[PDB]
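In our numbering, the protein residues as written are 364 to 583.
Note that the Cβ used here is the ideal one computed from N, Cα and C, for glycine as well.
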Ligand SMILES: Nc1ncnc2c1ncn2Cc1cc(-c2ccc(F)c(F)c2)ncc1N1CCC[C@](N)(c2ccccn2)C1
Ligand SMILES: [Zn+2]
Ligand SMILES: [Zn+2]
Ligand SMILES: [Zn+2]
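Written out as structure tokens, the structure reads:
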């Protein structure tokens, strides 16, 4: 029983490393929806927002709804309150403090941004030194988020063969960002989990301890 998780820097945004590619957009390049600020829930989850439908985040200076824009989840870091918990064979995990509804933004998978060469080198080093460092999540080819050295609470989310959350790739301020969203209603106090199918089957000493009835037995 370790009382505290391994060291890492709690950040609020992805941090690039080495020769990885980063993209940005000036306020002028960000898409503009046709929501009004007088709408029931402008750019909201139940709204007909053009930007929301296409998984584009509105910018504060660009949106016609102004400050009443409800499509700024990633930038404002609008996460349901969560708590890190300790399980048996799964170790540290994440549960939420309030009920979460289906489709709702849960968190952003944040970390050190690395290219594929760098990721492969880290995994090879981990496998040789027997380190359980699988905080790597692919954005696209040659861009991988490594939440091992630095990340936010999303790194505490465990893998589940029957997950209650899923990753969705959104465009925010000119670049791709990985959001965690609920696939069903989640009662407060339930462990937040997602399906980790973004890497290789490097399951040497690791085994699927999700507990789901459809468990295939591995993580890759
Ligand atoms: N479904 C799981 N079955 C067994 N172990 C799991 C499962 N899902 C996540 N973990 C743990 C784990 C495995 C992999 C992993 C391994 C192989 C893979 F193929 C893969 F996709 C992921 N990367 C990270 C973790 N964590 C994340 C949460 C905190 C953690 N539990 C922890 C850390 C320190 C102390 C206690 N606990 C370690
Ligand atoms: Zn809108
Ligand atoms: Zn908006
Ligand atoms: Zn399983």
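- In terms of Cβ geometry, residue 404 and residue 433 form a close pair [threshold 8 Å].
- Listed in chain order, the beta strand (DSSP E) runs fully inside the region 406-455 are 445-449, counting runs of at least 3 residues.
- Between ligand 3 and the CB of residue 428, the shortest heavy atom gap is smaller than 7 Å.
- Between ligand 2 and residue 413, a heavy atom-to-CB distance of less than 7 Å is present.
- Rounded to the nearest angstrom, the gap between the Cα atoms of residue 579 and residue 524 is 8 Å.
- Residue environment for residue 418: exposed (fewer than 16 other C-beta atoms within 10 angstroms of its C-beta).
- Assignment of residue 483 by DSSP, reduced to helix, strand and coil, places it in the helix class.
- Taking residue 459 as reference, the option from 376, 539, 527 and 375 with the minimal CA-CA separation is 527.
- For residue 532, the enclosing beta strand (DSSP E) covers residues 528-535.
- Secondary structure note for residue 394: it is in no beta strand (DSSP E), with a DSSP letter that is neither H nor E.
- With a cutoff of 8 Å on beta-carbon distance, residue 448 and residue 422 are scored as not near each other.
- Here residue 386 is exposed, its C-beta having fewer than 16 other C-beta atoms within 10 Å.
- As a beta-bridge residue in DSSP terms, residue 471 pairs with 542.
- As DSSP reads the structure, residue 521 sits in a beta bridge with 556.
- Less than 8 Å divides the Cβ of residue 372 from the Cβ of residue 513.
- Each of 524, 571, 573 and 578 has a C-beta closer than 5 Å to some heavy atom of ligand 4; these make up the full list, in chain order.
- Under the 8 Å Cβ criterion, the region 559-567 does not count as touching the region 466-475, having fewer than three qualifying pairs.
- Close CB contacts of residue 381 within its chain, under the 6 Å cut and outside five residues either way in sequence, are with 481 (chain order).
- Check the Cα spacing between residue 540 and each of 452, 530, 486 and 479: the tightest is with 530.
- When DSSP states are grouped into helix, strand and coil, residue 496 belongs to the coil group.
- In the DSSP assignment, residue 551 falls outside any beta strand (DSSP E) and carries neither an H nor an E.
- Cβ contact annotation for residue 450 (same chain, cutoff 8 Å, sequence separation greater than five): 456, 521 and 554, in chain order.
- Residue 399 is positioned such that its CB atom lies closer than 8 Å to that of residue 427.
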